[PDB]
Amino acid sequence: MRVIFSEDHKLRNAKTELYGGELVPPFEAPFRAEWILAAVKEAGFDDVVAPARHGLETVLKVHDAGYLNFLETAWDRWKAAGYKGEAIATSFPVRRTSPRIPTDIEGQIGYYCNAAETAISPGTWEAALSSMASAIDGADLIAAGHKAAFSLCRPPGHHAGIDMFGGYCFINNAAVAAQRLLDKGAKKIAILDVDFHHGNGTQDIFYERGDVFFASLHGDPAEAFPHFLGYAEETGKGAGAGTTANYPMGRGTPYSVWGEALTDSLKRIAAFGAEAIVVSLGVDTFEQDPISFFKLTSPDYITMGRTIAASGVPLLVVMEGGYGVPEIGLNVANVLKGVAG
């Protein structure tokens, strides 16, 4: 299978992340992509290609235009306002606030943010567009008849909602890929989010859409980031009724339990009639992940890839999270081995 990857991911190289009341080097750092690329090549997936660039045609169908405009100039405005650090939101539009959009940079960065750990830094927008491009080109391979492809996206996407960034995410790459598949002729597409964290951004984008089914397996939001979405009761609204399936799970969950939710999610996706599945792949479900509480082992990723591919429908694998250790690469590569085997 082809691997789509842009060297322009490195334009996002933020210096700070707000974690535990401290500003620390970010977990979502350029070396993650280096580790993953090296491991997938070592596993034999060496057909690596840069994406063609893309404009905003596809992404405007899943993200708000004001949001994208804000990201395009956020860093410049932050710097012009005289702030000394990176661009980090402080005030947020929480319960019982006005729905109005501020005009200034401090107000706007909060208006457009869901989580303050994520700083905007110079090059962030450009990196996000490159990552989106990798997702688009991956989708195009699936549309053209390939049964699998891997978009090595960085920065990741699944916490970015219609008009919010956060969780290290700015453009929802998986959502853009799903939209691209619909634009190329699909009528029904599923997104299956296996990252440890709920894909709250993806859920937001498709919650009221009946053309996309969203399934997520994740740490229970009662006690895990992103904290404010991902409960099982959330099944969709309006045109999207019945097209969100959340599988929250608790501390220590191993594959023997996690795989049961996987089986069920795939049943749901099959009943929906998805023509392809965009897999939002994070490997922060690993038993050594520094910020997560699941207990998957490296061999479990092979099982996971094989099971998702036994759907018999084409897969686009889109990179999301997985942190801390170079074994994130082995784990990603193992999912691909399961898909290709």
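One rule holds for the numbers: they count along the sequence shown, beginning at 1.
Remark: stretch with higher mean C-alpha B factor among 144 to 152 and 123 to 131 is 144 to 152. As the entry records it, the average C-alpha temperature factor is higher for 179 to 187, out of 241 to 249 and 179 to 187. Per the deposited coordinates, the residue with the largest Cα temperature factor out of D220, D163, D137, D76 is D76. Based on the entry's C-alpha B-factors, the most elevated value among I205, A81, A224, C169 belongs to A81. Among all modelled residues in this chain, the alpha-carbon of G44 has a temperature factor (C-alpha) in the highest third.
Looking at the C-alpha B-factors along this chain, the one for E17 belongs to the middle third. In the PDB entry, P314 places in the middle third of its chain by CA B-factor.
For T58, the recorded CA B-factor ranks within the middle third of the chain. Only modelled residues enter the ranking.
In this PDB entry, the Cα temperature factor of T235 sits in the middle third of its chain's modelled residues.
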